[PDB]
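Heads up, the chain below is alone and in the form deposited in one PDB entry; it's given as structure tokens.
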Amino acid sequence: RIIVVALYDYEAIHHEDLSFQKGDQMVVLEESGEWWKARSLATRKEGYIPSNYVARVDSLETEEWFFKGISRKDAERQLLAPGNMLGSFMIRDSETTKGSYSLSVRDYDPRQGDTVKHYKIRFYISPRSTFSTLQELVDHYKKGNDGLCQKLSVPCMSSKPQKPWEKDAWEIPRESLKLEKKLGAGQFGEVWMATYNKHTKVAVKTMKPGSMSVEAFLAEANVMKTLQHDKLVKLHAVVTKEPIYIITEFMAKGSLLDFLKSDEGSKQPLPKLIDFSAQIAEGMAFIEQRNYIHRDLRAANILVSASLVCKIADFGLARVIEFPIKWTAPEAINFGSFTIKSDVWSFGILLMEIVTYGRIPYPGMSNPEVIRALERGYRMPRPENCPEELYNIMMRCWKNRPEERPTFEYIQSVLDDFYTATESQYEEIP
């Protein structure tokens, strides 16, 4: 008999899902992945709940200061998001020391600014002050920092998870959709802001009938479906009848390209710009890991969400299609040799795009002009706002030999800790 508890409020919007409040306990009846069958102990109604909205009671996830499955960098991203304050903390699964836990505390370093320190935990931090349960431990450091950068104040602002897509609805009838407002158009189709079943806001990429076979496209789209990651835009559904529709999550601030050119973009300081490209490297590192290829990496194909999380879009679409030579590796231009390494070349350009708030690559140069320019060994010069060490990375991405260019794993690893000396990742306690 398994009892779970609601971590967040939820309002039902389908035929057979349950509405519950934060705290309502429930009996699990089935575990079908994203959706679980359950019985509210509050209503006595049996229905479907979003599995990721509840956790076993007295389990750690139930706690407000615990964050399951969070990396150190993301732990550091959520503590620097507005709404938190000096002393804001959290406990999480440690990356390096598996099966153990780590403590992340907000802090102010008069020389860096707002930062986030991390401590490991074996339970105890300092063999001085030992503790029986993370609760005891937590409540301790809440009064007078026991040697910690700061004193534990308020748990980290937690977000409300996205609602899982309707149960078993990868392919939808076109009627389930109202494409309300057109956001963009182009050679291959448009992108619309849409609503799915009067209830769910979404984005739709409509594909002009090319060929680009339909059953050819759908094969890719089923692989596309399996490439899920916090840094890839999420494919919800597909309409399989020419003209094909691709239904995805709606990203509020549109393309990275468009965001960097806007007002809010222009205010973003350099450490933010760096973080953006770090997020994209994380996404590209995932694609690399899964032995996949993007083939059209650039600011235009990066989406920005309301909270400034970057997500790659159009991954794979490039393959299935049917003129951006400025983002393309010489080997891909000359012999059509698209690989993860040519993506890396792309990342280099996209990276310059970012640091120059979306300015076009090779300004004032034509495509032909640039193609010959590259053959002479020409590269874009470092912009003024650009740190020397960041430029050295672009240059590494633009090595004539693909084999010589770094991996996204390495690029991700470097960008993430750009301002943190390796020895300073975790703290050593007195």
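Don't overthink the numbering: it's just position in the shown sequence, from 1. Only the largest set of C-alpha atoms that superpose within 1.5 Å between the two forms is called the rigid core.
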>> As a check of understanding, is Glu322 unmodelled in at least a third of the other compared entries that model its flanking residues?
In response: yes
> According to the PDB entry, how many deposited residues between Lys181 and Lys182 are absent from the model (none, 1 to 3, 4 to 9, 10 or more)?
Replying inline: none
> Per the record, how many residues of the deposited chain fall between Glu322 and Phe323 without being modelled: none, 1 to 3, 4 to 9, or 10 or more?
Replying inline: 10 or more
> Once you work out the mean C-alpha B-factor for both 155 to 163 and 256 to 264 from the entry, which is higher?
Replying inline: 155 to 163
> So 350 to 358 or 110 to 118, which one's hotter by mean CA B-factor in the entry?
Replying inline: 110 to 118
> Taking the Cα B-factors listed in the entry, which of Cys310, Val138, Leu297, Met251 comes out highest?
Replying inline: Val138
> Highest Cα B-factor in the PDB entry belongs to which of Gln279, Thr328, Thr96, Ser176?
Replying inline: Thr96
> Lowest, middle or highest third: where is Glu46 by C-alpha B factor in its chain?
Replying inline: lowest
> If you rank the chain by CA B-factor, which third does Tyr391 end up in: lowest, middle or highest?
Replying inline: lowest
> How does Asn367 rank on Cα B-factor within its chain, lowest, middle or highest third?
Replying inline: highest
> Where does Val57 sit by CA temperature factor within its chain: lowest, middle or highest third?
Replying inline: highest
>> Ranking every modelled residue in this chain by its Cα temperature factor as given in the entry, which third contains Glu288?
In response: lowest
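Form deposited in another entry: not shown, discussed below.
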> With the rigid core superposed, which of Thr62, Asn52, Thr43, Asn385 has its C-alpha shift by 2 Å or more between the shown form and the other one?
Replying inline: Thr43
>> Does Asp24 move appreciably between the shown form and the other one, meaning a CA displacement of 2 Å or more on the superposed rigid core?
In response: yes
> Which way does the C-alpha gap of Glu423 and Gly113 go in the other entry, closer or farther, given it changes by 3 angstroms or more?
Replying inline: closer
> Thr43 and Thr200: do their C-alpha atoms lie closer or farther in the other entry than in the form you see, with a change of 3 Å or more?
Replying inline: farther
